[PDB]
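The structure tokens that follow cover one protein chain in two forms, given apart as structure 1 and structure 2.
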Structure 1
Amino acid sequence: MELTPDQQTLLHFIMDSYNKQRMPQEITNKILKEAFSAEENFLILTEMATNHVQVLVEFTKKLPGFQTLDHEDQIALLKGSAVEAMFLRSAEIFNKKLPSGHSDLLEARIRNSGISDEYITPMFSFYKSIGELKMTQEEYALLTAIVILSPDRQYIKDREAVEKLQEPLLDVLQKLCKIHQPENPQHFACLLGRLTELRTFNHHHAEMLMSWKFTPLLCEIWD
């Protein structure tokens, strides 16, 4: 059994928008080149997060059906999913993109930025548990779409119109698990577990927030 023509179409639009994500080498160089200290490190990491939110808005606008939602719900979806989507995207990069030595400097900055090991430890435990699953790009992109179109964020008006956009993504993802990794019949359930594990980062992030500065885009999206 295979994706229907309409699921192939849906998967194609998601994949094309996911692949056009890029972070500027201008930022990436700062990881390599700027001075090292708790304040500088937090500043650089805050710049990377600011860029991932911009990439995220561009990704999200091209999701099939998103630009038919009401504007207020569009904002509500972005605010509720930002942290989770950043971590999913960064997970993909640690496990597939970044070599051992530059992941090392990035992590050194993260661990030397004035953030609690309460945050840092589950974060790196998430990265390694996600890297174990050996997800395809298609799985990362659908999962990210499914995180974003989550109908039970606070403050959404029309929850059903969001439900109607998420459920076909869920169906595509389960089909994809049977075709891409049919040697593990429970692959879909493992992806689900990462959905719930991602949700815990909202908790740690809210505690990092209370302790404290940021960019205007981050101030809007997190209040």
Structure 2
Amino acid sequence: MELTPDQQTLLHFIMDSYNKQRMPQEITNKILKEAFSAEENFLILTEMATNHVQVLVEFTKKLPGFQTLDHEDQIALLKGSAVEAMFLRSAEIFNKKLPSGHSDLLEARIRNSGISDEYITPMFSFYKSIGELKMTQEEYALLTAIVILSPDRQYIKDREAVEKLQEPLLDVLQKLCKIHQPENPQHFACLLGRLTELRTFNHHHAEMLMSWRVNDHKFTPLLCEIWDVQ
């Protein structure tokens, strides 16, 4: 029931790789510091989102077995998860404990960042649904890896190969859940339940960037490739 030695090695390795990410405080200190125009915020979004993809590619290449997968399946997994991984990381940063009234301010800042009204509620409803589960850093790290190695994506040719890589991560995560929350025997299942709501953010990701309240929507070549914009 307790993490095996193989599971403890897997977990610590996923944690190290996950830890190579931009410090949350860097992101929130800036948003809180002062109010920016919808234009300055659109630019902050594109630079953060370009850096997020670059780090995600490095995190993914380190996942045990990912490099043994067919090359075309490797691109399909990365392309299929990149936007979901971005919102999951945004949800993590959003629910990090801040000084009194700071998350209120962070929330007011994001609300008036330039994003369209139609996307506000679903986004904050998702970030809130995430904050309700009170996830640990190990849970965020494992859930990101599970999101990336989803064998039920589109354009995946060899699904059973992906399943084989995702299963040990699900098993470690399940054990952590049955420890971090013995009183919530539904914790593992709700974490998996959130993954379904996250897929809904895929439906309109391109439109979320396009409807931002700016006169022009300039993106980087890499973002154009990942999000489905030009």
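Here, rigid core means the biggest group of C-alpha atoms that superpose within 1.5 Å across both forms. Please note that residue numbering is based on structure 1, beginning with 1 at the start of its sequence.
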| remark: In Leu78, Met86, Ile146, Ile110, the 2 Å or greater C-alpha shift between structures 1 and 2, rigid core superposed, occurs only at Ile110
| query | Any chance the CA of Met15 moves 2 angstroms or more between structures 1 and 2, core superposed? | reply | no
| task | Using a rigid core alignment, state whether the CA of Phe188 is displaced by 2 Å or more between structures 1 and 2. | result | no
| message | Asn41: after superposing the rigid core, is there a C-alpha shift of 2 Å or more between structures 1 and 2? | response | yes
| request: Would you look up how far the C-alpha of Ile120 moves between structures 1 and 2 when the rigid core is overlaid, in angstrom? | output: 2.4
| message | Rigid core superposed, I'd like the Cα shift of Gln25 between structures 1 and 2 in Å. | response | 9.3
| query | After superposition on the rigid core, what is the displacement of the C-alpha atom of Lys62 between structures 1 and 2, in Å? | reply | 1.1
